[PDB]
Structures are given as C-alpha cells and as structure tokens.
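Before any comments, here is the structure.
2 protein chains.
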Amino acid sequence: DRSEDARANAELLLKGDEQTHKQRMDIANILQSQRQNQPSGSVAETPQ
Amino acid sequence: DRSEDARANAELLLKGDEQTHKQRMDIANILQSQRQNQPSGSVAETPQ
Numbered sequence: 678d679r680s681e682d683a684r685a686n687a688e689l690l691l692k693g694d695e696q697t698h699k700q701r702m703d704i705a706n707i708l709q710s711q712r713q714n715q716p717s718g719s720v721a722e723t724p725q
Numbered sequence: 678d679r680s681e682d683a684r685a686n687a688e689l690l691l692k693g694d695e696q697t698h699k700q701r702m703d704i705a706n707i708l709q710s711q712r713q714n715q716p717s718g719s720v721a722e723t724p725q
C-alpha cells in the first residue's frame with residue numbers, strides 16, 4: 678500500500694509537472710501575442 | 678519508501694525552483710515592455 682501510495686505520489690507530481698508547464702507555456706505565449714498586439718496598437722490606436 | 682519520499686521531496690522543489698523562475702522572469706519582462714510602451718504612450722497619448 679505505502680508502495681502504491683508512493684505510486685500515487687508521482688501522480689501528484691504528474692499534475693504538478695504537467696500543469697506547471699500548463700501555466701508556464703500558456704501565459705508565455707499569452708504575454709507574447711499581447712505584446713505583439715500592443716505593437717499593433719502602438720502604430721495606430723487600439724480603437725475600442 | 679522514505680527514501681523515494683525524499684525523492685518526491687525535490688520533485689516539489691523542482692516545481693518550486695522551476696516555477697518560481699517562471700514567476701520571476703515572466704513578470705520581469707512583463708514589467709519591462711509595459712514600461713517601454715509607457716514611454717511609447719508618453720511621447721504621444723495612449724489612445725483608447
């Protein structure tokens with residue numbers, strides 16, 4: 678059991694690992710294009 | 678087990694380490710360009 682409990686342990690580390698990356702990369706590109714579009718809106722004007 | 682539990686221990690330290698940096702650098706540059714664009718919007722006017 679403790680054996681498989683340790684087994685469940687990397688499970689948590691999976692979500693951790695996996696979804697940490699989720700965060701990381703998601704916001705990354707998010708920021709990126711945001712700024713690209715900022716440059717877009719700097720050449721002219723955002724226009725609401 | 679406790680051995681591999683210690684093993685899971687740096688796992689947490691990984692996300693910690695890794696994603697701490699995520700934070701750090703992300704917001705860093707975030708702030709940076711924000712300010713660059715502030716200078717952009719200071720020369721003229723943000724224009725909504």
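Chain order of the listed sequences is D and E. Position in the first sequence counted from 1, then plus 677, gives you the entry's author numbering. Position in the second sequence counted from 1, then plus 677, gives you the entry's author numbering. Even for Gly, the Cβ is constructed at its ideal location relative to N, Cα and C.
Can you tell me the Cα-Cα spacing of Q711 (chain D) and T723 (chain E), whole angstroms? 16 Å
Going by DSSP, what residue range makes up the alpha helix (DSSP H) through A687 (chain E)? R679 to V720
Contact set for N686 (chain E): own chain, Cβ-Cβ below 7 Å, skip 5 residues either direction: none
Express the C-alpha separation of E681 (chain E) and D682 (chain D) in angstroms, rounding to a whole number. 11 Å
Tell me, please, whether the CB atom of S719 (chain E) is closer than 9 Å to any CB atom in chain D? no
Does the Cβ-Cβ distance between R679 (chain D) and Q696 (chain E) come in under 9 Å? no
Would you kindly check if the distance between the Cβ of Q725 (chain D) and the Cβ of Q725 (chain E) is under 9 Å? yes
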